[PDB]
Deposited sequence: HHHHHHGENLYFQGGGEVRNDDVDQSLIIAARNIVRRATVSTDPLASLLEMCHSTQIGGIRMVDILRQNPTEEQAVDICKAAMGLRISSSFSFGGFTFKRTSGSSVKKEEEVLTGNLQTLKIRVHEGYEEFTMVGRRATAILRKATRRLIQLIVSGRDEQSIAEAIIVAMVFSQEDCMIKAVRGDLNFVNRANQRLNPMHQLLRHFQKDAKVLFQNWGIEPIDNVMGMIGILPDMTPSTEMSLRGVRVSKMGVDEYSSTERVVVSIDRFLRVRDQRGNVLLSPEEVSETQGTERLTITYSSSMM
């Protein structure tokens, strides 16, 4: 099965990337899936009978009415809300480069798990407030990637004020990214100002936990505010899909879009063919 999964992910990612530049991505994706075989089996037959939950695969599943994980993706991390709730309120904010953004601010206490390939975390937040991030990962760089995502997701003003360029990122089709993705793409390029402005704090000696400093080095004495490093680290639902491959749950939350599909290329172990 792991080898079916590997080839299915490659096929689905290639299809989503190609579809995104078409005038009608949903129609393009459906035609490509209909015409693709993996190991000589119709891709649609694999999608119906394969439990993989990767972002591109789940976009393809949604397009043909299959149930998918209720979790969402941000920065490539799968987020599962484990406690709490939030309501959205539009607010206008001013970045550190004097650009205004209209952001859907989430109001309420929430806890999430974040699962990525190289790091995992527990994130506890309230309105525009990161409370705790307990993160585990393969190295300090992988941990830093999760921290950046969590700091942007928190919607904190100090993150908004750490922006140092204009935000005009677009997708493959030259469509402007939404504000949360604008902020994320900015800080993925360079997080030094974000990390230097976030704040540090002293930590207590807790077995299995350590701090991480703005320079991404470990410390037993201090850490980025709210952040601790640990050595320790889903229901399927009906979703909707639209022309531009935005996948929403029944309550309208945007679980997936092409912006959350990895750019990683790979070489399939089962032949992918196209008729």
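- If you line the structure up with the deposited chain, the stretches without a C-alpha atom are 1-19, 253-258, 301-304.
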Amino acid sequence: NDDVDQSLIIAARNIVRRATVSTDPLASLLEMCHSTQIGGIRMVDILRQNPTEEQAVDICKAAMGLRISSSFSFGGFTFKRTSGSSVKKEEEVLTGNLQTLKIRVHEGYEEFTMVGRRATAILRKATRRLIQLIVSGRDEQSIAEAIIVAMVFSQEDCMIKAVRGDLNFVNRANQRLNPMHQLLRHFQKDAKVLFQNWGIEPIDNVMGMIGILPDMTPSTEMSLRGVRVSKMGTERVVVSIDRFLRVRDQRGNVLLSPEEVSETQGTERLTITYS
From here on, numbers count along this sequence of modelled residues.
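- Looking at mean Cα B-factors across 168-176 and 189-197, the upper value is held by 168-176.
- When the mean C-alpha temperature factors of 66-74 and 35-43 are read from the deposited coordinates, 35-43 comes out higher.
- Of the candidates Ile212, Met209, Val239, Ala27, the deposited coordinates give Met209 the top C-alpha B factor.
- Set against one another, the Cα B-factors of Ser223, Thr217, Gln55, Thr234 in the record reach their highest point at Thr234.
- Placement of the Cα temperature factor of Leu184 within the chain: middle third of the modelled residues, per the deposited record.
- In the PDB entry, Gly252 places in the middle third of its chain by CA B-factor.
- Residue-level temperature factors show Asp157 in the middle third of its chain, judged at the C-alpha atom.
- Among all modelled residues in its chain, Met114 ranks in the lowest third by Cα B-factor.
- Annotation for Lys88: CA B-factor lies in the middle third of the chain's modelled residues.
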